[PDB]
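Undergrad: Contents of run10.pdb (PDB, C-alpha atoms (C1' of nucleotides)):
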ATOM      1  CA  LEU C 406      10.937 -54.704 -55.576
ATOM      2  CA  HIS C 407      10.838 -58.456 -56.145
ATOM      3  CA  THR C 408      12.537 -58.178 -59.503
ATOM      4  CA  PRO C 409      15.470 -60.527 -60.208
ATOM      5  CA  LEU C 410      17.959 -57.613 -59.895
ATOM      6  CA  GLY C 411      19.477 -59.126 -63.012
ATOM      7  CA  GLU C 412      20.510 -62.160 -61.011
ATOM      8  CA  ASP C 413      18.867 -65.538 -61.470
ATOM      9  CA  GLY C 414      19.151 -66.437 -57.802
ATOM     10  CA  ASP C 415      19.887 -64.979 -54.342
ATOM     11  CA  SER C 416      18.949 -61.398 -55.230
ATOM     12  CA  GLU C 417      16.093 -58.919 -55.184
ATOM     13  CA  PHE C 418      15.913 -55.259 -56.142
ATOM     14  CA  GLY C 419      14.093 -54.891 -52.823
ATOM     15  CA  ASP C 420      17.306 -55.577 -50.876
ATOM     16  CA  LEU C 421      19.608 -52.947 -52.401
ATOM     17  CA  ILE C 422      18.046 -49.577 -51.445
ATOM     18  CA  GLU C 423      18.586 -48.158 -47.964
ATOM     19  CA  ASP C 424      15.711 -46.553 -46.082
ATOM     20  CA  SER C 425      15.661 -43.154 -44.361
ATOM     21  CA  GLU C 426      13.263 -43.517 -41.410
ATOM     22  CA  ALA C 427      15.822 -45.549 -39.449
ATOM     23  CA  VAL C 428      17.519 -43.573 -36.686
ATOM     24  CA  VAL C 429      21.287 -43.389 -37.125
ATOM     25  CA  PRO C 430      22.746 -44.299 -33.688
ATOM     26  CA  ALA C 431      25.661 -41.907 -34.263
ATOM     27  CA  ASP C 432      23.435 -38.867 -34.773
ATOM     28  CA  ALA C 433      21.132 -39.916 -31.928
ATOM     29  CA  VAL C 434      23.913 -40.239 -29.359
ATOM     30  CA  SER C 435      25.518 -37.008 -30.568
ATOM     31  CA  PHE C 436      22.168 -35.288 -30.004
ATOM     32  CA  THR C 437      21.899 -36.828 -26.533
ATOM     33  CA  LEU C 438      25.363 -35.541 -25.622
ATOM     34  CA  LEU C 439      24.402 -32.126 -27.006
ATOM     35  CA  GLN C 440      21.291 -32.116 -24.815
ATOM     36  CA  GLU C 441      23.267 -33.091 -21.721
ATOM     37  CA  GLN C 442      26.028 -30.533 -22.315
ATOM     38  CA  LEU C 443      23.524 -27.749 -22.998
ATOM     39  CA  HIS C 444      21.561 -28.647 -19.870
ATOM     40  CA  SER C 445      24.807 -28.600 -17.883
ATOM     41  CA  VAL C 446      25.835 -25.153 -19.140
ATOM     42  CA  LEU C 447      22.260 -24.021 -18.553
ATOM     43  CA  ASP C 448      22.477 -25.174 -14.926
ATOM     44  CA  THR C 449      25.821 -23.371 -14.633
ATOM     45  CA  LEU C 450      23.951 -20.082 -14.984
ATOM     46  CA  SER C 451      21.496 -18.832 -12.371
ATOM     47  CA  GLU C 452      18.486 -21.058 -11.788
ATOM     48  CA  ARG C 453      16.063 -18.232 -12.593
ATOM     49  CA  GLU C 454      17.858 -17.339 -15.832
ATOM     50  CA  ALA C 455      17.976 -21.067 -16.543
ATOM     51  CA  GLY C 456      14.243 -21.506 -16.086
ATOM     52  CA  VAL C 457      13.187 -18.504 -18.132
ATOM     53  CA  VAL C 458      15.422 -19.411 -21.085
ATOM     54  CA  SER C 459      14.210 -23.012 -20.888
ATOM     55  CA  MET C 460      10.549 -21.996 -21.024
ATOM     56  CA  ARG C 461      11.136 -19.433 -23.776
ATOM     57  CA  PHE C 462      12.951 -21.865 -26.082
ATOM     58  CA  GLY C 463      10.918 -24.882 -24.944
ATOM     59  CA  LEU C 464      13.730 -27.145 -23.736
ATOM     60  CA  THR C 465      11.278 -29.374 -21.795
ATOM     61  CA  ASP C 466       8.386 -29.425 -24.300
ATOM     62  CA  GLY C 467       8.462 -29.507 -28.080
ATOM     63  CA  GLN C 468       6.661 -26.211 -28.673
ATOM     64  CA  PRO C 469       8.369 -23.005 -27.464
ATOM     65  CA  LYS C 470       6.424 -20.378 -25.532
ATOM     66  CA  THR C 471       6.080 -16.714 -26.440
ATOM     67  CA  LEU C 472       7.457 -13.931 -24.254
ATOM     68  CA  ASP C 473       4.158 -12.920 -22.650
ATOM     69  CA  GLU C 474       3.257 -16.622 -22.578
ATOM     70  CA  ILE C 475       5.992 -16.977 -19.950
ATOM     71  CA  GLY C 476       4.604 -14.037 -17.957
ATOM     72  CA  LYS C 477       1.639 -16.025 -16.629
ATOM     73  CA  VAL C 478       3.106 -19.019 -14.785
ATOM     74  CA  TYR C 479       6.063 -16.944 -13.564
ATOM     75  CA  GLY C 480       3.932 -13.816 -13.086
ATOM     76  CA  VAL C 481       6.217 -11.339 -14.864
ATOM     77  CA  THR C 482       5.795  -8.759 -17.605
ATOM     78  CA  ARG C 483       6.148  -9.218 -21.357
ATOM     79  CA  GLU C 484       9.065  -6.742 -21.302
ATOM     80  CA  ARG C 485      10.778  -8.067 -18.174
ATOM     81  CA  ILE C 486      10.873 -11.516 -19.775
ATOM     82  CA  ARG C 487      12.358  -9.974 -22.919
ATOM     83  CA  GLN C 488      15.038  -8.190 -20.900
ATOM     84  CA  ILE C 489      16.175 -11.291 -19.021
ATOM     85  CA  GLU C 490      16.124 -13.255 -22.270
ATOM     86  CA  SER C 491      18.342 -10.603 -23.869
ATOM     87  CA  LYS C 492      20.893 -10.644 -21.056
ATOM     88  CA  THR C 493      20.839 -14.457 -21.089
ATOM     89  CA  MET C 494      21.714 -14.369 -24.788
ATOM     90  CA  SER C 495      24.438 -11.849 -23.953
ATOM     91  CA  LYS C 496      25.957 -14.109 -21.288
ATOM     92  CA  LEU C 497      25.707 -17.306 -23.332
ATOM     93  CA  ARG C 498      27.289 -15.329 -26.176
ATOM     94  CA  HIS C 499      30.302 -14.905 -23.886
ATOM     95  CA  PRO C 500      33.169 -17.130 -25.131
ATOM     96  CA  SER C 501      33.203 -18.867 -21.734
ATOM     97  CA  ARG C 502      29.939 -20.806 -22.160
ATOM     98  CA  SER C 503      30.300 -21.192 -25.932
ATOM     99  CA  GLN C 504      33.278 -23.480 -26.540
ATOM    100  CA  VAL C 505      31.562 -26.648 -25.313
ATOM    101  CA  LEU C 506      28.675 -25.731 -27.631
ATOM    102  CA  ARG C 507      30.820 -24.675 -30.612
ATOM    103  CA  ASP C 508      31.397 -28.159 -32.022
ATOM    104  CA  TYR C 509      27.714 -29.040 -31.573
ATOM    105  CA  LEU C 510      26.455 -26.135 -33.715
TER     106      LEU C 510
ATOM    107  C1'  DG X   1     -13.205-106.612 -54.598
ATOM    108  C1'  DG X   2      -9.226-105.770 -52.914
ATOM    109  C1'  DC X   3      -4.939-105.906 -54.796
ATOM    110  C1'  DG X   4      -1.938-104.371 -57.984
ATOM    111  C1'  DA X   5       0.325-101.848 -61.176
ATOM    112  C1'  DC X   6       0.912 -97.828 -63.089
ATOM    113  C1'  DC X   7       0.122 -93.665 -63.683
ATOM    114  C1'  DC X   8      -0.042 -89.745 -62.549
ATOM    115  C1'  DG X   9       0.148 -85.932 -59.638
ATOM    116  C1'  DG X  10       2.589 -83.630 -56.652
ATOM    117  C1'  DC X  11       5.786 -81.857 -54.143
ATOM    118  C1'  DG X  12      10.166 -81.109 -52.839
ATOM    119  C1'  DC X  13      14.956 -80.538 -53.026
ATOM    120  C1'  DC X  14      19.343 -79.799 -55.353
ATOM    121  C1'  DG X  15      25.628 -76.340 -50.636
ATOM    122  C1'  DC X  16      28.031 -71.743 -47.888
ATOM    123  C1'  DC X  17      29.773 -66.889 -47.975
ATOM    124  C1'  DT X  18      31.988 -62.960 -51.460
ATOM    125  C1'  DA X  19      33.022 -58.336 -56.128
ATOM    126  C1'  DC X  20      30.816 -55.976 -59.514
ATOM    127  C1'  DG X  21      25.394 -55.660 -62.995
ATOM    128  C1'  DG X  22      22.238 -52.456 -67.600
ATOM    129  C1'  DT X  23      18.509 -51.350 -69.050
ATOM    130  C1'  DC X  24      12.415 -50.518 -72.133
ATOM    131  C1'  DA X  25       7.491 -52.409 -74.652
ATOM    132  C1'  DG X  26       2.268 -51.215 -79.816
ATOM    133  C1'  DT X  27      -5.587 -49.695 -81.060
ATOM    134  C1'  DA X  28     -10.891 -43.445 -78.810
ATOM    135  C1'  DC X  29     -13.236 -39.368 -78.315
ATOM    136  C1'  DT X  30     -15.763 -35.417 -76.917
ATOM    137  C1'  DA X  31     -18.531 -33.044 -73.778
ATOM    138  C1'  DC X  32     -20.520 -31.251 -69.868
ATOM    139  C1'  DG X  33     -20.739 -30.172 -65.187
ATOM    140  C1'  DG X  34     -19.705 -29.324 -60.573
ATOM    141  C1'  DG X  35     -16.695 -28.101 -57.542
ATOM    142  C1'  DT X  36     -12.679 -26.934 -55.855
ATOM    143  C1'  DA X  37      -7.726 -25.330 -53.897
ATOM    144  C1'  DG X  38      -5.519 -21.649 -55.249
ATOM    145  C1'  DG X  39      -5.359 -16.444 -56.494
ATOM    146  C1'  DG X  40      -6.455 -12.211 -54.501
ATOM    147  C1'  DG X  41      -7.754  -7.710 -49.239
ATOM    148  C1'  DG X  42      -9.027  -6.498 -45.242
ATOM    149  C1'  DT X  43      -9.302  -7.169 -40.166
ATOM    150  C1'  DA X  44      -8.572  -8.698 -35.254
ATOM    151  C1'  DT X  45      -5.186 -10.253 -32.100
ATOM    152  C1'  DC X  46      -0.768 -11.106 -30.210
ATOM    153  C1'  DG X  47       4.419  -9.716 -29.778
ATOM    154  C1'  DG X  48       8.401  -6.137 -29.801
ATOM    155  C1'  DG X  49      11.396  -1.406 -28.341
ATOM    156  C1'  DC X  50      11.883   3.140 -24.522
ATOM    157  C1'  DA X  51      11.214   4.179 -19.781
ATOM    158  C1'  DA X  52       8.656   2.831 -15.865
ATOM    159  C1'  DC X  53       8.850   2.862 -10.437
ATOM    160  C1'  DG X  54      10.630   0.857  -7.101
ATOM    161  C1'  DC X  55      14.346   0.043  -3.166
ATOM    162  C1'  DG X  56      18.759   0.615   0.391
ATOM    163  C1'  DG X  57      22.737   2.472   2.073
ATOM    164  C1'  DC X  58      23.851   6.044   3.782
ATOM    165  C1'  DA X  59      23.707  10.534   4.125
ATOM    166  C1'  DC X  60      22.483  14.835   4.847
ATOM    167  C1'  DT X  61      18.525  19.973   6.649
ATOM    168  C1'  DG X  62      21.638  19.194  10.827
ATOM    169  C1'  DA X  63      17.637  19.645  14.717
ATOM    170  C1'  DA X  64      17.196  18.552  18.937
ATOM    171  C1'  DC X  65      18.647  17.180  22.294
ATOM    172  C1'  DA X  66      22.150  14.626  25.711
ATOM    173  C1'  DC X  67      27.448  14.026  27.893
ATOM    174  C1'  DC X  68      31.075  15.418  29.896
ATOM    175  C1'  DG X  69      34.021  19.698  30.386
ATOM    176  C1'  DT X  70      34.587  23.985  32.047
ATOM    177  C1'  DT X  71      35.394  29.057  34.813
ATOM    178  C1'  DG X  72      30.665  31.102  35.869
ATOM    179  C1'  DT X  73      28.974  32.337  40.870
ATOM    180  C1'  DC X  74      28.929  32.893  45.274
ATOM    181  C1'  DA X  75      27.020  33.357  50.646
ATOM    182  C1'  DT X  76      29.898  31.960  53.358
ATOM    183  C1'  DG X  77      34.158  30.483  55.876
ATOM    184  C1'  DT X  78      40.130  31.445  57.822
ATOM    185  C1'  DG X  79      43.741  35.066  59.131
ATOM    186  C1'  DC X  80      45.355  39.548  60.554
ATOM    187  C1'  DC X  81      44.435  44.111  62.899
ATOM    188  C1'  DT X  82      42.102  47.136  66.131
ATOM    189  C1'  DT X  83      39.757  47.816  70.398
ATOM    190  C1'  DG X  84      37.492  45.812  74.721
TER     191       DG X  84
END
Transcribe the structure of this file into structure tokens.
TA:
Amino acid sequence: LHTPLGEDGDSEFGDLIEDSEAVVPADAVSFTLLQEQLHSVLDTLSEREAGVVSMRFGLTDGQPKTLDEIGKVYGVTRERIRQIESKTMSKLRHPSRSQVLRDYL
DNA sequence: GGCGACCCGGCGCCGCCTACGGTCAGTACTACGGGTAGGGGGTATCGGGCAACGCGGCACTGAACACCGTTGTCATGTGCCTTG
């Protein structure tokens, strides 16, 4: 990386290649706005529906939880949880609570 | 003998940002040996689709009583007629 870069002075091949680990502020703030808007639309729905979808898709922890995995803290059945998840997906699929999330993809 | 030159070392610098830049370098070899990460099959455990079994309003078997309403009922009282 300390090669002359073909230039006798003031240059180094080590100062011409961009990295990839660096966080792009644009993408980061877009993600933050996505998180806030999704949390807002999530609060718009019922608090119970909100909580169950959040725990299923893991919106507070990195790893999502399985259906029956939610039926221990909340004390519900593996098929009840599936049913409320299904009707949550049905409601969120409504064009009402989709537009604000369309551009986010 | 400390000065003195001189001699050398030795470093250290030589100004600020800007556009593009083109490429390639020669003389071992086999042989074994272990040991694996990858190729396979079969098994134990967790994760989905239909009914599940609650509830609640009210609603009915109306049943069985209750609330007035009513013409049943009547032993017991006025008015006229006959006899004291």
Undergrad: Just checking: using only C-alpha atoms (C1' of nucleotides), which residue out of X:49, X:69, X:24, X:41 ends up closest to chain C?
TA: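 Using only C-alpha atoms (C1' of nucleotides), chain C sits closest to X:49.
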Undergrad: Closest to residue 444 in chain C among C:407, C:415, C:505, C:479, using only C-alpha atoms?
TA: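 Among the listed residues, the smallest separation from residue 444 in chain C belongs to C:505.
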Undergrad: What would the selection look like, as a ChimeraX atom specification, if the PyMOL selection byres ((chain X) within 9 of (chain C)) were run on the coordinates I just shared?
TA: /X:21-22,47-48
Undergrad: Excluding range 429-436 of chain C and any residue of its chain fewer than 5 positions from it, enumerate the residues within 12 Å of it, using all atoms listed in the file, and give them as a PyMOL selection string.
TA: chain C and resi 424+441-443+506+508-510
Undergrad: To verify the selection step, state as a ChimeraX atom specification which residues the PyMOL selection byres ((chain C and resi 497) around 12) yields on this input.
TA: /C:443,446-451,454-455,458,490-496,498-507
Undergrad: Tell me, in Å to one decimal, how far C1' of residue 13 in chain X is from CA of residue 421 in chain C.
TA: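 Result for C1' of residue 13 in chain X versus CA of residue 421 in chain C: 28.0 Å, one decimal.
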Undergrad: So how far away is CA of residue 469 in chain C from CA of residue 438 in chain C, in Å?
TA: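 Computing the Euclidean distance for CA of residue 438 in chain C and CA of residue 469 in chain C yields 21.2 Å.
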Undergrad: Could you check the closest approach to residue 474 in chain C for each of C:488, C:413, C:457, C:408 and tell me which residue wins, using all atoms listed in the file?
TA: C:457
Undergrad: How many Å separate CA of residue 475 in chain C from CA of residue 453 in chain C?
TA: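 Separation of CA of residue 475 in chain C and CA of residue 453 in chain C: 12.5 Å.
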Undergrad: Taking every listed atom of range 33-52 of chain X and adding 4 Å to each side, what centre and edge lengths in Å (one decimal) does the axis-aligned box have, as AutoDock Vina command-line options?
TA:
--center_x -4.4 --center_y -13.0 --center_z -40.5 --size_x 40.6 --size_y 42.4 --size_z 57.3
Undergrad: Generate N, CA and C atoms for range 449-464 of chain C and emit them as a PDB file, in the coordinates of the input.
TA:
ATOM      1  N   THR C 449      24.704 -24.182 -15.110  1.00  0.00           N
ATOM      2  CA  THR C 449      25.821 -23.371 -14.633  1.00  0.00           C
ATOM      3  C   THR C 449      25.377 -21.939 -14.364  1.00  0.00           C
ATOM      4  N   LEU C 450      24.500 -21.407 -15.208  1.00  0.00           N
ATOM      5  CA  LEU C 450      23.951 -20.082 -14.984  1.00  0.00           C
ATOM      6  C   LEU C 450      22.958 -20.116 -13.820  1.00  0.00           C
ATOM      7  N   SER C 451      22.441 -18.939 -13.475  1.00  0.00           N
ATOM      8  CA  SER C 451      21.496 -18.832 -12.371  1.00  0.00           C
ATOM      9  C   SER C 451      20.235 -19.632 -12.669  1.00  0.00           C
ATOM     10  N   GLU C 452      19.638 -20.182 -11.609  1.00  0.00           N
ATOM     11  CA  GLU C 452      18.486 -21.058 -11.788  1.00  0.00           C
ATOM     12  C   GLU C 452      17.303 -20.298 -12.379  1.00  0.00           C
ATOM     13  N   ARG C 453      17.141 -19.024 -12.010  1.00  0.00           N
ATOM     14  CA  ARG C 453      16.063 -18.232 -12.593  1.00  0.00           C
ATOM     15  C   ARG C 453      16.306 -17.972 -14.075  1.00  0.00           C
ATOM     16  N   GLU C 454      17.519 -17.532 -14.426  1.00  0.00           N
ATOM     17  CA  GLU C 454      17.858 -17.339 -15.832  1.00  0.00           C
ATOM     18  C   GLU C 454      17.694 -18.646 -16.591  1.00  0.00           C
ATOM     19  N   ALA C 455      18.144 -19.736 -15.974  1.00  0.00           N
ATOM     20  CA  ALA C 455      17.976 -21.067 -16.543  1.00  0.00           C
ATOM     21  C   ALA C 455      16.523 -21.342 -16.874  1.00  0.00           C
ATOM     22  N   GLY C 456      15.639 -21.167 -15.888  1.00  0.00           N
ATOM     23  CA  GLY C 456      14.243 -21.506 -16.086  1.00  0.00           C
ATOM     24  C   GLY C 456      13.598 -20.670 -17.170  1.00  0.00           C
ATOM     25  N   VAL C 457      13.849 -19.360 -17.153  1.00  0.00           N
ATOM     26  CA  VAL C 457      13.187 -18.504 -18.132  1.00  0.00           C
ATOM     27  C   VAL C 457      13.666 -18.822 -19.545  1.00  0.00           C
ATOM     28  N   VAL C 458      14.969 -19.051 -19.741  1.00  0.00           N
ATOM     29  CA  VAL C 458      15.422 -19.411 -21.085  1.00  0.00           C
ATOM     30  C   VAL C 458      14.833 -20.753 -21.500  1.00  0.00           C
ATOM     31  N   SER C 459      14.758 -21.700 -20.560  1.00  0.00           N
ATOM     32  CA  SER C 459      14.210 -23.012 -20.888  1.00  0.00           C
ATOM     33  C   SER C 459      12.760 -22.906 -21.340  1.00  0.00           C
ATOM     34  N   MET C 460      11.950 -22.120 -20.629  1.00  0.00           N
ATOM     35  CA  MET C 460      10.549 -21.996 -21.024  1.00  0.00           C
ATOM     36  C   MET C 460      10.396 -21.190 -22.306  1.00  0.00           C
ATOM     37  N   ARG C 461      11.254 -20.195 -22.539  1.00  0.00           N
ATOM     38  CA  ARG C 461      11.136 -19.433 -23.776  1.00  0.00           C
ATOM     39  C   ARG C 461      11.440 -20.322 -24.977  1.00  0.00           C
ATOM     40  N   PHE C 462      12.566 -21.034 -24.948  1.00  0.00           N
ATOM     41  CA  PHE C 462      12.951 -21.865 -26.082  1.00  0.00           C
ATOM     42  C   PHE C 462      12.356 -23.266 -26.029  1.00  0.00           C
ATOM     43  N   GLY C 463      11.575 -23.591 -25.001  1.00  0.00           N
ATOM     44  CA  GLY C 463      10.918 -24.882 -24.944  1.00  0.00           C
ATOM     45  C   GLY C 463      11.881 -26.050 -24.882  1.00  0.00           C
ATOM     46  N   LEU C 464      12.758 -26.068 -23.879  1.00  0.00           N
ATOM     47  CA  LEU C 464      13.730 -27.145 -23.736  1.00  0.00           C
ATOM     48  C   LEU C 464      13.180 -28.341 -22.962  1.00  0.00           C
TER      49      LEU C 464
END
